[PDB]
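Q: Chains as they are written, first to last, in UniProt numbering: chain A, 183 to 243; chain B, 29 to 287, 307 to 418; chain C, 307 to 364.
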Amino acid sequence: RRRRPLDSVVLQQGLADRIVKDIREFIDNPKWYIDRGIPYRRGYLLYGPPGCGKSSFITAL
Amino acid sequence: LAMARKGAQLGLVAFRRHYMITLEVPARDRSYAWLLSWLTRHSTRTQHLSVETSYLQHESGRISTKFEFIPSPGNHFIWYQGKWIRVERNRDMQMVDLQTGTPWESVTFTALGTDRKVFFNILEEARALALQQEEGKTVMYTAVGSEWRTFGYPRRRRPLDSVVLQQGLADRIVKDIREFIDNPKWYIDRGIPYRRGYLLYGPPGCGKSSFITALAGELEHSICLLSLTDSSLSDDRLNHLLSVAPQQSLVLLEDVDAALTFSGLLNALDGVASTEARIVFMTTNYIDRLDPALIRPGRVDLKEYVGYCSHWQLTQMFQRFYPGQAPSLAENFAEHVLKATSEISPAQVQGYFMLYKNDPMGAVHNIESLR
Amino acid sequence: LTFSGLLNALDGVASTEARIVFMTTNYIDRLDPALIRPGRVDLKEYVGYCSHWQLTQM
Ligand SMILES: Nc1ncnc2c1ncn2[C@@H]1O[C@H](COP(=O)(O)OP(=O)(O)O)[C@@H](O)[C@H]1O
Ligand SMILES: Nc1ncnc2c1ncn2[C@@H]1O[C@H](COP(=O)(O)OP(=O)(O)O)[C@@H](O)[C@H]1O
Ligand SMILES: [Mg+2]
Ligand SMILES: [Mg+2]
Numbered sequence: 183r184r185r186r187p188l189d190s191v192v193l194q195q196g197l198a199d200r201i202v203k204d205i206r207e208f209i210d211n212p213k214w215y216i217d218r219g220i221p222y223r224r225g226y227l228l229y230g231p232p233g234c235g236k237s238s239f240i241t242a243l
Numbered sequence: 029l030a031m032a033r034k035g036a037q038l039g040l041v042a043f044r045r046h047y048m049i050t051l052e053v054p055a056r057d058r059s060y061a062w063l064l065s066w067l068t069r070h071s072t073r074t075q076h077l078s079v080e081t082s083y084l085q086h087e088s089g090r091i092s093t094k095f096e097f098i099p100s101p102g103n104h105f106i107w108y109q110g111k112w113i114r115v116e117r118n119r120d121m122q123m124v125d126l127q128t129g130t131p132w133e134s135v136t137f138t139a140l141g142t143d144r145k146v147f148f149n150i151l152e153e154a155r156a157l158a159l160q161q162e163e164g165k166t167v168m169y170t171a172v173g174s175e176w177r178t179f180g181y182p183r184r185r186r187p188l189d190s191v192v193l194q195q196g197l198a199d200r201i202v203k204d205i206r207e208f209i210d211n212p213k214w215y216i217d218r219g220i221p222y223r224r225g226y227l228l229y230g231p232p233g234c235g236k237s238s239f240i241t242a243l244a245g246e247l248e249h250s251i252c253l254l255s256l257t258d259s260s261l262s263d264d265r266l267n268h269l270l271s272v273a274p275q276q277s278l279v280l281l282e283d284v285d286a287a307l308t309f310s311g312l313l314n315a316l317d318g319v320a321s322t323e324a325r326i327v328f329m330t331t332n333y334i335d336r337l338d339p340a341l342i343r344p345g346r347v348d349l350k351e352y353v354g355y356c357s358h359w360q361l362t363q364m365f366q367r368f369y370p371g372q373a374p375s376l377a378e379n380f381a382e383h384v385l386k387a388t389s390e391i392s393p394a395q396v397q398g399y400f401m402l403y404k405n406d407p408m409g410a411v412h413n414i415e416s417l418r
Numbered sequence: 307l308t309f310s311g312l313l314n315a316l317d318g319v320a321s322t323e324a325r326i327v328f329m330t331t332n333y334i335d336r337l338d339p340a341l342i343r344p345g346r347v348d349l350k351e352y353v354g355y356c357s358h359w360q361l362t363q364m
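#1: Only counting the same chain, and skipping five residues up and downstream in sequence, which positions put a Cβ closer than 8 Å to that of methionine 123(B)?
#2: Tell me whether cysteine 234(A), by its Cβ, gets closer than 7 Å to a heavy atom of ligand 1.
#3: Beta carbons nearer than 8 Å to chain A: which residues of the segment 209 to 242 of chain B have them?
#4: With respect to the beta strand (DSSP E) encompassing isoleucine 98(B), which residues constitute its N-terminal and C-terminal limits?
#5: For a contact meaning CB atoms closer than 8 Å, what does residue 265(C) contact in chain B?
#6: What residues in its chain sit with their C-beta under 7 Å from that of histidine 358(B), if we drop five residues either side in the sequence?
#7: Does the segment 74 to 91 of chain B come close enough to the segment 43 to 57 of chain B to have 3 or more Cβ pairs within less than 8 Å?
#8: Which runs of the beta strand (DSSP E) fall wholly inside the segment 201 to 270 of chain B and span at least 3 residues, in chain order?
#9: In chain order, what residues of the same chain lie with their CB nearer than 6 Å to the CB of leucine 140(B), ignoring the 5 residues before and after it?
#10: Can you find at least 3 beta carbon pairs, one from the segment 89 to 104 of chain B and one from the segment 65 to 73 of chain B, that sit closer than 8 Å?
#11: At a threshold of 7 Å, does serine 237(A) count as lining ligand 3 (C-beta to nearest heavy atom)?
#12: With 16 other CB atoms within 10 Å as the buried threshold, where does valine 172(B) fall?
#13: Looking at C-alpha atoms only, which residue of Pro407(B), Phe95(B) and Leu256(B) is the closest neighbour of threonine 362(B)?
#14: For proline 187(A), is the beta carbon positioned less than 7 Å from some heavy atom of ligand 1?
#15: Do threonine 166(B) and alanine 244(B) have their C-beta atoms within less than 8 Å of each other?
#16: In the DSSP assignment, find the beta strand (DSSP E) that holds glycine 102(B) and state where it starts and stops.
#17: Quick one: what's got a C-beta closer than 8 Å to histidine 86(B)'s C-beta in the same chain, skipping five residues either side?
#18: Going by the C-beta, is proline 221(B) closer than 7 Å to any heavy atom of ligand 1?
#19: As an exercise, report each continuous alpha helix (DSSP H) stretch of at least 4 residues that is fully enclosed by the segment 37 to 124 of chain B, in chain order.
#20: Who are the Cβ neighbours of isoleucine 334(B) in its own chain at under 7 Å, not counting the five residues just before and after it?
#21: So, is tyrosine 47(B) buried or exposed, given that buried needs 16 or more other C-beta atoms within 10 angstroms?
#22: Per DSSP, what kind of secondary structure is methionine 364(B) in: helix, strand or coil?
#23: Given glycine 235(A), which residues of its chain have a CB within under 7 Å of its CB, disregarding the five upstream and five downstream residues?
#24: Comparing alpha-carbon positions, which option in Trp214(B), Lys350(B) and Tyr222(B) lies nearest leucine 197(B)?
#25: Pull up the distance between the alpha-carbon of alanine 320(B) and that of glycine 233(A), whole angstroms please.
#26: Residue 370(C) CB to nearest chain B CB: under 8 Å?
#27: May I ask which residues mark the beginning and end of the beta strand (DSSP E) holding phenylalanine 137(B)?
#28: Is the Cβ-Cβ distance between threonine 322(C) and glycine 180(B) less than 8 Å?
#29: Give the DSSP-derived three-state secondary structure of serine 277(B) in the structure shown.
#30: Could you check whether the Cβ of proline 344(C) sits closer than 8 Å to any Cβ belonging to chain B?
#31: Using the Cβ count rule (16 or more neighbours within 10 Å means buried), how would you classify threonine 72(B)?
#32: Taking only the alpha-carbon atoms, compute the straight-line gap between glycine 398(B) and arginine 346(C) and give it to the nearest angstrom.
#33: Any heavy atom of ligand 5 inside 7 Å of the beta-carbon of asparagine 332(B)?
#34: Quick one: which chain A residues come within Cβ less than 8 Å of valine 272(B)?
#35: How many Å lie between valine 411(B) and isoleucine 342(C) at the Cα?
#36: Report the residues of the segment 385 to 412 of chain B with a CB closer than 8 Å to any CB of chain F, ordered along the chain.
Below is the structure:
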């Protein structure tokens, strides 16, 4: 599929930047997990009314 | 001393000449056919030519052979907008192991002029030849279970002028679908699914399925035949088939009235997890069975009615079946048809002219037989 | 095979172009008159026994 830009899914201000900073911190810091014996996994939960963009945003993210 | 200098001077003189001399060398990049065919056509006065034989042995005992002539090994001089051009074609001692064991071939064009605008015109002429010669064919696809397979040979494009509908009905659909293909950027930037819905409804035998066959040929697109009366078709089967459709194709549905549930059809029509560049067409002989919520924007972007033959369709079909006649002769027919018949479907007009093949005056004088 | 189900079989919309079909029947007294109209049969022709012209040529 052609990459849907992240600016197309338009959510509230500050909501996209906090998730980008947290997940970019996870990809750019792989040493913080394994060194401490923690399973190298990250959990995320998005909840809200139907059709708000939970599955839409993940397509562009 | 003198001997060494002479070799150096010639090469050095060439470098200054090289700036004032153009060089082009293609090596068996499947451009030879276009350029070489143009060379013989453009010159019209040539000596050294080679023969290439085509052996189209169709499986019927019929062997069709035609000769395409191209220049042979050697040198040629040609006349163009600029001064005389030196053309040379030379063979080498190396061999190709890919296809057939042939000498590697390089063709060189040498010109006096210092501008590179000249070859730009020559190469462009070659493109015109290749696309004019070949003619596009519409490939039909049929769903074999969960996959698509080719169905017969590539059909010859039925022209769009053959299906004769009301005035402005053929032009309105062409403008809408031509606008869709040339604007792929307007969708993704705005987060809209890059899909288009179409619905054609009307009495049976009006041309709903006929028109869609001819539309793909004009747009140089293929068709994906899919009937909604199959027994091995389910809800999940349709979601897959619309996701593995070939690019530059149109999906056709025949007689949707004879259909699968309505709730499971939502993800099939507008599915987020589906491929891009997908055009779906729907044909139903009875619009009195569809849900009003099925034809909203998002699932169907254009509602269009296809009715019986009007005065516009009768005058044109008479000119199709009897070409080269005066426009006034295509009025005596349409005059008595509407005066002698109250209702007439297009399927009956296509069959009535089969009784008077190559008999124009005979179609006008025997309209009473349609009662 | 039935007679009503033979309609879509003879002239199928989902079929190739440039198709020539030949039909041979030894008994014409079982077919419908509407089956041999133009569109399905474009030329009706009877083939009988040997005439005087056929005996001289054979
Ligand atoms: N925040 C948003 N910004 C832009 N478009 C959105 C947004 N949320 C949803 N959409 C649109 O809604 C449609 C489907 O959304 P969907 O992902 O099914 O919602 P959810 O997954 O939250 O149930 C898509 O076509 C998408 O473009
Ligand atoms: N508007 C039209 N103009 C020219 N020919 C038509 C038209 N409508 C139908 N036909 C002819 O009718 C035949 C079958 O039509 P079809 O596509 O089966 O109708 P529908 O799909 O609406 O039931 C074709 O041979 C076609 O040439
Ligand atoms: Mg959801
Ligand atoms: Mg139909």
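Backbone N, C-alpha and C define an ideal beta-carbon position, used for all residues, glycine too.
A: Considering the structure as presented:
#1: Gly129, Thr130, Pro131 and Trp132
#2: Flag set: Cβ of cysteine 234(A) near ligand 1.
#3: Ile216, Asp217, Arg218 and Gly219
#4: 95 to 99
#5: Nothing about residue 265(C) can be read from this structure; chain C reaches only from 307 to 364.
#6: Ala381 and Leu385, listed in sequence order.
#7: no
#8: 223 to 229 and 250 to 255
#9: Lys111
#10: yes
#11: yes
#12: exposed
#13: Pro407(B)
#14: no
#15: yes
#16: 102 to 106
#17: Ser92
#18: yes
#19: 60 to 71
#20: So the list reads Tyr229, once near-sequence residues are dropped.
#21: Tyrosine 47(B) comes out exposed.
#22: helix
#23: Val191 and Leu193
#24: Nearest option by C-alpha distance: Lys350(B).
#25: 15 Å
#26: The structure shown has nothing for residue 370(C), since chain C only spans 307 to 364.
#27: From DSSP, the beta strand (DSSP E) with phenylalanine 137(B) extends over 131 to 139.
#28: Between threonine 322(C) and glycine 180(B), the C-beta gap is smaller than 8 Å, which places the two residues in contact.
#29: DSSP places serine 277(B) in strand when its eight states are reduced to three.
#30: yes
#31: The residue is exposed, with fewer than 16 neighbouring Cβ atoms inside 10 Å.
#32: 11 Å
#33: What this structure holds is ligand 1, ligand 2, ligand 3 and ligand 4, not ligand 5.
#34: None at all; the shortest Cβ gap to chain A is about 14 Å.
#35: 25 Å
#36: Protein chains in the displayed structure are A, B and C, and chain F is not among them.
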